[PDB]
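Shown next, in structure tokens, is the structure this report addresses.
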Amino acid sequence: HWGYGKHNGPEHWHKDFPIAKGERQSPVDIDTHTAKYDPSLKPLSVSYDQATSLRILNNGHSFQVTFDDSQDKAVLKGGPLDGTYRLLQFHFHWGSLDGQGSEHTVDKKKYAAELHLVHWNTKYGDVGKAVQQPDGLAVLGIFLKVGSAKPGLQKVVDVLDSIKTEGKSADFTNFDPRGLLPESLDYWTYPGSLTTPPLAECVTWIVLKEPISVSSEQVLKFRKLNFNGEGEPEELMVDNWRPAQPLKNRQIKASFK
Ligand SMILES: CC(=O)[C@H]1CC[C@H]2[C@@H]3CC[C@H]4C[C@H](OS(N)(=O)=O)CC[C@]4(C)[C@H]3CC[C@]12C
Ligand SMILES: [Zn+2]
């Protein structure tokens with residue numbers, strides 16, 4: 001039932017998922033001047049050398065690239081995290097136009113899109129158990145601006161024609177997510193939630209300061225995806241972002257001065 005439209009979008013989600021009005025909801029506006037530099041924060045450890053991508057899927061809300069998370073092959077550690085988080089999938093949020101699409105904002109600035117690399121804490125054994133824990137998930141968030149192409153994204157863009165509508169999936173092996181990362185791992189971090197139903201308050205957010213640049217042609221291909229299933233009225237998969245939620249009693253910490 002839930003989606004991003006007038007009648008089922010973010011302003012409606014609290015009816016099925018009352019935690020939507022909870023104390024640690026995501027995304028948020030990152031007020032860069034209010035974020036506290038924390039010299040105690042460790043550099044983020046991103047270990048993706050042995051990542052095994054499996055499939056690419058249109059779930060009717062985004063598309064995701066799924067990984068083998070049955071072993072510690074692609075893990076996030078350090079930064080604000082205690083222990084080891086396995087990469088499950090990455091997906092994106094994007095806009096109908098370049099001036100919107102990101103879920104996090106930076107001083108109220110919206111980017112064209114936001115990449116989420118979703119990881120779960122191995123101490124909880126499976127992602128279903130991890131989403132029931134306040135430190136279950138770590139999501140690495142990367143902003144996309146429009147300019148030069150990101151060569152590492154092109155393999156993703158080129159298969160989207162094969163998963164146009166909700167339910168479609170394809171083999172997507174040997175995709176290296178290191179090709180999606182910016183130079184700097186400087187980050188902001190805060191305790192938050194999933195940004196779609198069920199909006200579980202299980203996420204340590206790690207949002208990189210440095211955006212990646214993608215081309216207009218790359219993001220145009222995201223906008224050709226469909227929310228609808230094949231044979232239903234065509235509704236472009238655009239504006240699949242939740243707006244910024246109240247920060248309430250939280251502190252955003254910066255890894256950098
Ligand atoms: C209730 C469940 O079975 C959980 C276990 C794993 C969860 C998924 C983990 C991956 C995240 C990514 C994502 O969240 S985000 N934007 O905060 O990274 C959309 C929700 C979704 C699909 C989650 C939906 C709820 C799932 C399926
Ligand atoms: Zn997301």
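A note on labels: chains of the structure tokens are A, B, ... as shown, every chain counts residues from 1, and ligands are counted from 1 in their shown order.
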Report as a Markdown table the residues of chain A within 12 Å of ligand 2, each with its shortest atom pair and distance in Å (one decimal), using only C-alpha atoms and all ligand atoms, ordered by chain and increasing residue number.
| residue | atom | partner | partner_atom_place_in_ligand_line | distance |
| --- | --- | --- | --- | --- |
| A:26 | CA | ligand 2 | 1 (Zn) | 9.8 |
| A:27 | CA | ligand 2 | 1 (Zn) | 9.2 |
| A:61 | CA | ligand 2 | 1 (Zn) | 9.7 |
| A:62 | CA | ligand 2 | 1 (Zn) | 8.3 |
| A:63 | CA | ligand 2 | 1 (Zn) | 10.0 |
| A:64 | CA | ligand 2 | 1 (Zn) | 9.5 |
| A:89 | CA | ligand 2 | 1 (Zn) | 10.0 |
| A:90 | CA | ligand 2 | 1 (Zn) | 7.9 |
| A:91 | CA | ligand 2 | 1 (Zn) | 6.2 |
| A:92 | CA | ligand 2 | 1 (Zn) | 6.0 |
| A:93 | CA | ligand 2 | 1 (Zn) | 6.3 |
| A:94 | CA | ligand 2 | 1 (Zn) | 10.0 |
| A:101 | CA | ligand 2 | 1 (Zn) | 11.1 |
| A:102 | CA | ligand 2 | 1 (Zn) | 9.4 |
| A:103 | CA | ligand 2 | 1 (Zn) | 7.9 |
| A:104 | CA | ligand 2 | 1 (Zn) | 10.1 |
| A:113 | CA | ligand 2 | 1 (Zn) | 10.3 |
| A:114 | CA | ligand 2 | 1 (Zn) | 7.6 |
| A:115 | CA | ligand 2 | 1 (Zn) | 7.0 |
| A:116 | CA | ligand 2 | 1 (Zn) | 5.0 |
| A:117 | CA | ligand 2 | 1 (Zn) | 8.0 |
| A:118 | CA | ligand 2 | 1 (Zn) | 8.0 |
| A:119 | CA | ligand 2 | 1 (Zn) | 11.6 |
| A:138 | CA | ligand 2 | 1 (Zn) | 11.4 |
| A:139 | CA | ligand 2 | 1 (Zn) | 8.1 |
| A:140 | CA | ligand 2 | 1 (Zn) | 9.5 |
| A:141 | CA | ligand 2 | 1 (Zn) | 8.1 |
| A:142 | CA | ligand 2 | 1 (Zn) | 10.3 |
| A:143 | CA | ligand 2 | 1 (Zn) | 11.5 |
| A:193 | CA | ligand 2 | 1 (Zn) | 10.1 |
| A:194 | CA | ligand 2 | 1 (Zn) | 7.2 |
| A:195 | CA | ligand 2 | 1 (Zn) | 6.1 |
| A:196 | CA | ligand 2 | 1 (Zn) | 7.3 |
| A:197 | CA | ligand 2 | 1 (Zn) | 10.8 |
| A:199 | CA | ligand 2 | 1 (Zn) | 10.8 |
| A:203 | CA | ligand 2 | 1 (Zn) | 11.1 |
| A:205 | CA | ligand 2 | 1 (Zn) | 10.7 |
| A:207 | CA | ligand 2 | 1 (Zn) | 11.7 |
| A:240 | CA | ligand 2 | 1 (Zn) | 9.2 |
| A:241 | CA | ligand 2 | 1 (Zn) | 8.0 |
| A:242 | CA | ligand 2 | 1 (Zn) | 9.1 |
| A:243 | CA | ligand 2 | 1 (Zn) | 11.9 |
Q: Name the residues in contact with residue A:82 at a cut-off of 12 Å, using only C-alpha atoms, excluding same-chain residues fewer than 4 positions from it; report them as a PyMOL selection string.
A: chain A and resi 41-42+44-45+76-78+120-123+135-138+204
Those selected residues, please, written with C-alpha atoms and delivered as an mmCIF file, in the first residue's frame.
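As written to disk, result-v4.cif reads:
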data_model
loop_
_atom_site.group_PDB
_atom_site.id
_atom_site.type_symbol
_atom_site.label_atom_id
_atom_site.label_comp_id
_atom_site.auth_asym_id
_atom_site.auth_seq_id
_atom_site.Cartn_x
_atom_site.Cartn_y
_atom_site.Cartn_z
ATOM 1 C CA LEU A 41 35.641 9.177 16.039
ATOM 2 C CA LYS A 42 37.821 6.608 14.151
ATOM 3 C CA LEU A 44 35.685 4.497 8.678
ATOM 4 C CA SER A 45 37.000 1.031 7.614
ATOM 5 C CA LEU A 76 32.096 -1.839 7.433
ATOM 6 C CA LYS A 77 33.939 -1.351 10.755
ATOM 7 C CA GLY A 78 35.389 1.515 12.780
ATOM 8 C CA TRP A 120 24.002 -5.250 9.343
ATOM 9 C CA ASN A 121 25.785 -6.054 12.615
ATOM 10 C CA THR A 122 27.096 -9.669 12.568
ATOM 11 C CA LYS A 123 26.527 -9.977 16.349
ATOM 12 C CA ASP A 135 22.691 -0.754 16.686
ATOM 13 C CA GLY A 136 21.536 -3.381 14.159
ATOM 14 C CA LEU A 137 22.299 -1.570 10.866
ATOM 15 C CA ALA A 138 24.915 0.844 9.538
ATOM 16 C CA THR A 204 23.748 4.171 12.685
#
**Q.** Residue set, stretch 163-243 of chain A restricted to alpha helix (DSSP H), as a list in words
**A.** residues 216, 217, 218, 219, 220, 221 and 222 of chain A
Keeping N, CA, C and O atoms, export the residues of the selection given above as a CSV table (one decimal), in the first residue's frame.
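See again14.csv below for the written result:
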chain,number,residue,atom,x,y,z
A,216,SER,N,24.1,13.7,-16.2
A,216,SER,CA,22.7,13.8,-16.5
A,216,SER,C,22.2,12.5,-17.2
A,216,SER,O,21.1,12.0,-16.8
A,217,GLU,N,22.9,11.9,-18.1
A,217,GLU,CA,22.5,10.7,-18.8
A,217,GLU,C,22.3,9.5,-17.8
A,217,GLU,O,21.4,8.7,-18.0
A,218,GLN,N,23.2,9.5,-16.8
A,218,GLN,CA,23.1,8.4,-15.8
A,218,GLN,C,21.9,8.6,-15.0
A,218,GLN,O,21.1,7.6,-14.8
A,219,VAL,N,21.6,9.8,-14.5
A,219,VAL,CA,20.4,9.9,-13.6
A,219,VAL,C,19.1,9.9,-14.4
A,219,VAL,O,18.1,9.4,-13.9
A,220,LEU,N,19.2,10.2,-15.7
A,220,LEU,CA,18.0,10.1,-16.6
A,220,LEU,C,17.6,8.7,-16.7
A,220,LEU,O,16.4,8.4,-16.8
A,221,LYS,N,18.5,7.7,-16.7
A,221,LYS,CA,18.2,6.3,-16.7
A,221,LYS,C,17.5,5.8,-15.5
A,221,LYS,O,16.6,5.0,-15.5
A,222,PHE,N,17.9,6.3,-14.3
A,222,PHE,CA,17.2,6.1,-13.0
A,222,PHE,C,15.7,6.5,-13.2
A,222,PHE,O,14.8,5.8,-12.8
Q: Considering only C-alpha atoms, return as a ChimeraX atom specification whatever protein or nucleic-acid residues lie within 12 Å of residue A:165, sequence-local ones (same chain, fewer than 2 positions apart) excluded.
A: /A:57-63,160-163,167-169,222-237
(Q) If we count only C-alpha atoms and set the cut-off at 12 Å, which residues sit around residue A:125, ignoring sequence neighbours fewer than 3 positions away in its own chain? Please answer as a VMD selection string. (A) chain A and resid 69 to 72 84 to 86 120 to 122 128 to 133 136 to 137
Got time to write the residues from that selection, N, CA, C and O atoms, as a PDB file, in the first residue's frame?
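Written file, part_23.pdb:
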ATOM      1  N   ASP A  69      25.853 -11.944   1.812  1.00  0.00           N
ATOM      2  CA  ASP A  69      26.158 -11.516   3.199  1.00  0.00           C
ATOM      3  C   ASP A  69      26.214 -12.753   4.115  1.00  0.00           C
ATOM      4  O   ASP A  69      25.933 -12.621   5.312  1.00  0.00           O
ATOM      5  N   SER A  70      26.527 -13.914   3.547  1.00  0.00           N
ATOM      6  CA  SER A  70      26.643 -15.184   4.319  1.00  0.00           C
ATOM      7  C   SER A  70      28.050 -15.326   4.915  1.00  0.00           C
ATOM      8  O   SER A  70      28.283 -16.315   5.620  1.00  0.00           O
ATOM      9  N   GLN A  71      28.952 -14.374   4.673  1.00  0.00           N
ATOM     10  CA  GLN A  71      30.353 -14.380   5.173  1.00  0.00           C
ATOM     11  C   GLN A  71      30.810 -12.932   5.277  1.00  0.00           C
ATOM     12  O   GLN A  71      30.173 -12.105   4.626  1.00  0.00           O
ATOM     13  N   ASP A  72      31.925 -12.656   5.956  1.00  0.00           N
ATOM     14  CA  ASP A  72      32.446 -11.279   6.151  1.00  0.00           C
ATOM     15  C   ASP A  72      33.268 -10.827   4.929  1.00  0.00           C
ATOM     16  O   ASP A  72      34.430 -10.422   5.109  1.00  0.00           O
ATOM     17  N   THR A  84      31.389  -5.518  13.544  1.00  0.00           N
ATOM     18  CA  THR A  84      31.568  -5.792  12.103  1.00  0.00           C
ATOM     19  C   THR A  84      30.191  -5.782  11.453  1.00  0.00           C
ATOM     20  O   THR A  84      29.281  -6.467  11.953  1.00  0.00           O
ATOM     21  N   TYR A  85      30.038  -5.021  10.376  1.00  0.00           N
ATOM     22  CA  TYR A  85      28.743  -4.942   9.666  1.00  0.00           C
ATOM     23  C   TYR A  85      28.917  -5.433   8.236  1.00  0.00           C
ATOM     24  O   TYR A  85      29.768  -4.905   7.504  1.00  0.00           O
ATOM     25  N   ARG A  86      28.116  -6.399   7.839  1.00  0.00           N
ATOM     26  CA  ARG A  86      28.183  -7.004   6.496  1.00  0.00           C
ATOM     27  C   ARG A  86      27.323  -6.211   5.523  1.00  0.00           C
ATOM     28  O   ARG A  86      26.176  -5.918   5.856  1.00  0.00           O
ATOM     29  N   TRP A 120      24.622  -4.799   8.077  1.00  0.00           N
ATOM     30  CA  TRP A 120      24.002  -5.250   9.343  1.00  0.00           C
ATOM     31  C   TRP A 120      25.060  -5.871  10.248  1.00  0.00           C
ATOM     32  O   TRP A 120      26.041  -6.457   9.769  1.00  0.00           O
ATOM     33  N   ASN A 121      24.832  -5.699  11.535  1.00  0.00           N
ATOM     34  CA  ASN A 121      25.785  -6.054  12.615  1.00  0.00           C
ATOM     35  C   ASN A 121      25.818  -7.572  12.763  1.00  0.00           C
ATOM     36  O   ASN A 121      24.780  -8.162  13.098  1.00  0.00           O
ATOM     37  N   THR A 122      26.971  -8.192  12.527  1.00  0.00           N
ATOM     38  CA  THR A 122      27.096  -9.669  12.568  1.00  0.00           C
ATOM     39  C   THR A 122      26.800 -10.237  13.956  1.00  0.00           C
ATOM     40  O   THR A 122      26.448 -11.416  14.009  1.00  0.00           O
ATOM     41  N   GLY A 128      17.112  -9.586   9.711  1.00  0.00           N
ATOM     42  CA  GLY A 128      15.778  -9.533  10.326  1.00  0.00           C
ATOM     43  C   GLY A 128      15.889  -9.295  11.818  1.00  0.00           C
ATOM     44  O   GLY A 128      15.090  -8.543  12.382  1.00  0.00           O
ATOM     45  N   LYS A 129      16.858  -9.917  12.459  1.00  0.00           N
ATOM     46  CA  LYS A 129      17.107  -9.714  13.907  1.00  0.00           C
ATOM     47  C   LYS A 129      17.770  -8.353  14.115  1.00  0.00           C
ATOM     48  O   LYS A 129      17.444  -7.675  15.083  1.00  0.00           O
ATOM     49  N   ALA A 130      18.678  -7.978  13.224  1.00  0.00           N
ATOM     50  CA  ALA A 130      19.422  -6.712  13.356  1.00  0.00           C
ATOM     51  C   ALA A 130      18.453  -5.526  13.320  1.00  0.00           C
ATOM     52  O   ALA A 130      18.677  -4.571  14.055  1.00  0.00           O
ATOM     53  N   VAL A 131      17.399  -5.576  12.503  1.00  0.00           N
ATOM     54  CA  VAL A 131      16.487  -4.403  12.379  1.00  0.00           C
ATOM     55  C   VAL A 131      15.679  -4.253  13.668  1.00  0.00           C
ATOM     56  O   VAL A 131      15.068  -3.188  13.851  1.00  0.00           O
ATOM     57  N   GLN A 132      15.734  -5.237  14.567  1.00  0.00           N
ATOM     58  CA  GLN A 132      15.014  -5.115  15.860  1.00  0.00           C
ATOM     59  C   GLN A 132      15.929  -4.534  16.943  1.00  0.00           C
ATOM     60  O   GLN A 132      15.503  -4.522  18.124  1.00  0.00           O
ATOM     61  N   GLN A 133      17.132  -4.077  16.594  1.00  0.00           N
ATOM     62  CA  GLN A 133      18.157  -3.631  17.573  1.00  0.00           C
ATOM     63  C   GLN A 133      18.525  -2.188  17.288  1.00  0.00           C
ATOM     64  O   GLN A 133      18.620  -1.780  16.134  1.00  0.00           O
ATOM     65  N   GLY A 136      21.601  -2.247  15.093  1.00  0.00           N
ATOM     66  CA  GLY A 136      21.536  -3.381  14.159  1.00  0.00           C
ATOM     67  C   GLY A 136      22.135  -3.099  12.790  1.00  0.00           C
ATOM     68  O   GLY A 136      22.668  -4.020  12.179  1.00  0.00           O
ATOM     69  N   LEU A 137      21.944  -1.894  12.262  1.00  0.00           N
ATOM     70  CA  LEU A 137      22.299  -1.570  10.866  1.00  0.00           C
ATOM     71  C   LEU A 137      23.247  -0.384  10.852  1.00  0.00           C
ATOM     72  O   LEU A 137      23.193   0.466  11.746  1.00  0.00           O
TER      73      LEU A 137
END
Q: Write out as a PyMOL selection string all residues of stretch 36-243 of chain A that backbone DSSP assigns to strand (DSSP E).
A: chain A and resi 36-37+44-47+53-58+63-67+75-78+85-94+105-106+113-121+137-146+169-171+187-192+203-208+212-214
